[PDB]
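The structure appears below as structure tokens.
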Amino acid sequence: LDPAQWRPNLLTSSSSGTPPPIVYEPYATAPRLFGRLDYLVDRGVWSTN
Amino acid sequence: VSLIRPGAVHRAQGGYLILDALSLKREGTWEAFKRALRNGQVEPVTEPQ
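Top to bottom, those sequences are chains B and C. The entry's author numbering numbers the first residue of the first sequence as 245 and each following residue consecutively. The entry's author numbering numbers the first residue of the second sequence as 294 and each following residue consecutively.
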């Protein structure tokens, strides 16, 4: 069992909602819009979770 | 965080940053510098590795 393989990755923490989230992003690169997939290199082996 | 080398922008805060327009347009960093100055964002260069 890989512990880091089954854990809820927290994306956004809720606030009062007043005002609702206002995310302004000047860049439109996909890593900034949709997020990027950081990898773990274990013994020269690339693996993500 | 301990391995972030500063740049011209970081050393220029609270002071005066003097650049070269020919250098900006020739090196292709004009758009990145403009979005850095307008928005406030700075992105230290990261290798793809």
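For every residue, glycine included, the Cβ atom is placed at its ideal position computed from N, Cα and C.
Nearest-angstrom Cα distance between residue i and residue j?
i      : j      : result
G333/C : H303/C : 12 Å
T273/B : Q342/C : 19 Å
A329/C : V335/C : 6 Å
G261/B : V267/B : 13 Å
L296/C : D282/B : 19 Å
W250/B : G307/C : 46 Å
Report back the beta-carbon spacing between residue i and residue j to the nearest angstrom; my notes put them in contact at under 8 Å.
i      : j      : result
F326/C : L317/C : 6 Å
Considering only residues of the same chain and omitting the five flanking positions on each side of residue i, which have a CB-CB separation below 8 Å?
i      : result
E269/B : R276, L277
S257/B : none
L310/C : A301, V302
Establish whether the CB of residue i and some CB of chain B are separated by less than 8 Å.
i      : result
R319/C : no
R328/C : yes
From the beta carbon of residue i, is the nearest beta carbon of chain C less than 8 Å away?
i      : result
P270/B : yes
Could you tell me which residues DSSP pairs with residue i in its beta bridges?
i      : result
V285/B : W290/B
Sorted by chain position, which residues of the same chain lie with C-beta nearer than 6 Å to residue i's C-beta, five sequence neighbours on each side aside?
i      : result
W290/B : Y283
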